[PDB]
Number of protein chains: 4
Amino acid sequence: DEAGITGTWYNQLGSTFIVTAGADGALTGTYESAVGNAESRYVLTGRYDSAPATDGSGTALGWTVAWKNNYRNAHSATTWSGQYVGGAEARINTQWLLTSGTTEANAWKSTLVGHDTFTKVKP
Amino acid sequence: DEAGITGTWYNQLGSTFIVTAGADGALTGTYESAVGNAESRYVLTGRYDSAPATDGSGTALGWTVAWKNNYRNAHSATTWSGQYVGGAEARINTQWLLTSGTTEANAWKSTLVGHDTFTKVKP
Amino acid sequence: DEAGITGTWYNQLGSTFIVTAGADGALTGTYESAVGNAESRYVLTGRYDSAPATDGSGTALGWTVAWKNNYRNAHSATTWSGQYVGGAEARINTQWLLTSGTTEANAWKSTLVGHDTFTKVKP
Amino acid sequence: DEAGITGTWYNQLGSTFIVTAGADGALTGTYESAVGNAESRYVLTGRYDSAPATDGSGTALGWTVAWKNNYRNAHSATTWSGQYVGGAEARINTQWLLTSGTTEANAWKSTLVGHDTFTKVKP
Ligand SMILES: [Cl-]
Ligand SMILES: [Cl-]
Ligand SMILES: [Cl-]
Ligand SMILES: [Cl-]
């Protein structure tokens, strides 16, 4: 699912995930968020299972964006954890954790959680 | 906190996180889990805020491991999302999401969540 | 949104959530899961904001099921945390945490996380 | 673990959880948060496994607080999902989800996630 994963994906919010899946298990690309303290593209890196099971299961993967680029720094990072599901309507189904840098006093409210589903057509 | 982050870290379970923080915001290294369907080291990649706030807040970061190496493939990936907190007892405080590849029928039980705290001395 | 919330709801998996919202903020009812180690109905209790904002925001709420009834005991409990969104296609959008009782050794893999969306018509 | 659970508990933040475990699986009590948009006590309700396994596993449980009382309304609800672990240093180890009521536009940032550990002595 190297060929399955590589390309341009869009989530439910209208964000754009541009990724290359390497033969070695690497994910590399850019992320553009349609929401939050973000503008333009951000570097992403991650990993995927380059030898998934052949029993109809999805392909596990994850990636990170730190929300610093040449335009903005939101002092925060999101990780998406999920699986790719191949087929006519391919999907990447994820859950995510968005941690902000905080003082120790505020650390209890550091981390947002949510879920994004990515498709190969805007959605 | 490039110099702060780079090095060897240990969590509460006795896992080993070996990371290099690049000037450009990259995290690269290896992870060895003391638990689960894992043996030896696994590639990791991630990102961190290379220009954190200077108001006493932590440094946001995240990374991914896909649990495939030359020994084992657990058809799963974990992402850690958290912040580095500098000082005498430096810490990386994370929450994580562990997604397994599943059938669509089993996707509701695909994802474990937990929390790991890393220190520079075993802990 | 007492009248909005009270009634029968269905999620994406085909589970059935039967709830009464009390004037005092209580949620009481039964839950029937279409998946997992479950059969028939389970007691639920929870709470909701009985005086939500009037600026178009949702109504925050949560509830718990312990997966013990007269038929089965899965030694586990789920909590749903979310918001009710009123209107023609009313919805309750949740994220959930499913904790199993474990030994200390296995506690790192105790907790599943996911997301359920409930509608007033099967869905 | 009815007798184990019933009583006064304290988390790492200095919050106070006062609970009664009923023979029927109910949890009822009050919660006082040391942080956030909160003052004084809030109603809680939840559920626990009233017939846990006898193999050394913990007792699964969960509860909800809606953050409305006679003093304040934060238009939000937290659910804690976790397990009770009996013994000399009894503990309840939880993960939590704090959902705020939001507009649809802001729903992606509705939910905080974290972890609380409760002990029978301040901690
Ligand atoms: Cl959804
Ligand atoms: Cl902990
Ligand atoms: Cl979804
Ligand atoms: Cl902790």
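Note on naming: letters A, B, ... go to the chains in the order of the sequence lines (proteins, then strands), and numbering restarts at 1 for each one.
Of the atoms belonging to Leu61(A), it is backbone heavy atoms, and not side-chain ones, that fall under 4.5 Å from chain B. If you measure heavy-atom distances from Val43(A) to chain B, the contacts under 4.5 Å come from both the backbone and the side chain. If you measure heavy-atom distances from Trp67(A) to chain B, you find no contacts under 4.5 Å at all. Within the 4.5 angstrom heavy-atom criterion, no atom of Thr94(A) approaches chain B. In this structure, the portion of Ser110(A) lying under 4.5 Å from any heavy atom of chain B is its side chain and not its backbone.
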Quiz prompt | Test ring-ring contact (aromatic ring centres under 6.0 Å, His included) applied to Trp63(A) and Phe118(A), step by step | solution = CA-CA 13 Å; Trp63(A) 67 96; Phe118(A) 293 84; 5.6 Å; yes
Practice problem: Applying side-chain contact (heavy atoms from CB on, under 4.5 Å), run through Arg91(A) and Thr119(A) and close with a yes or a no. | Solution: CA-CA 5 Å; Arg91(A) 288 216 171 235; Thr119(A) 57; 3.5 Å; yes
Quiz item: Could you walk me through whether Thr8(A) and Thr16(A) pass the side-chain contact (heavy atoms from CB on, under 4.5 Å) check?
Solution: CA-CA 7 Å; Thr8(A) 297; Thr16(A) 310; 4.1 Å; yes
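Other residues, nucleotides and ligands place no more than 12 heavy atoms under 6.0 Å from the CG atom of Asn70(B).
Contact tally against chain B (heavy-atom pairs below 4.5 Å) for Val65(A), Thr64(A), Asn93(A), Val113(A): the top residue is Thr64(A). When each of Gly58(B), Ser50(B), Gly25(B) is checked for heavy-atom pairs under 4.5 Å with chain A, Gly58(B) comes out on top. The greatest number of non-hydrogen atom pairs below 4.5 Å with chain B, out of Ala26(A), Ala66(A), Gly56(A), is found for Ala66(A). Of the listed residues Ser76(B), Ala74(B), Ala51(B), the one with more heavy-atom pairs under 4.5 angstrom with chain A than any other is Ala51(B). Most heavy-atom pairs under 4.5 Å with chain A: of the set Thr102(B), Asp55(B), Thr103(B), this distinction falls to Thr102(B). Looking only at heavy-atom pairs under 4.5 Å with chain A, the residue among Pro52(B), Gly101(B), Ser100(B) that has the most is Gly101(B).
For the pair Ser81(B) (side chain) and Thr78(A) (backbone), a donor-acceptor distance under 3.5 Å is absent. Between the side chain of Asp49(B) and the backbone N or O of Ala77(A) there is no donor-acceptor pair closer than 3.5 Å. The backbone N or O of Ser15(B) sits less than 3.5 Å from a side-chain atom of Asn11(B), completing a donor-acceptor pair.
The distance from the OG1 atom of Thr45(B) to the CZ atom of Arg47(A) is 7.5 Å, given to the nearest 0.5 Å.
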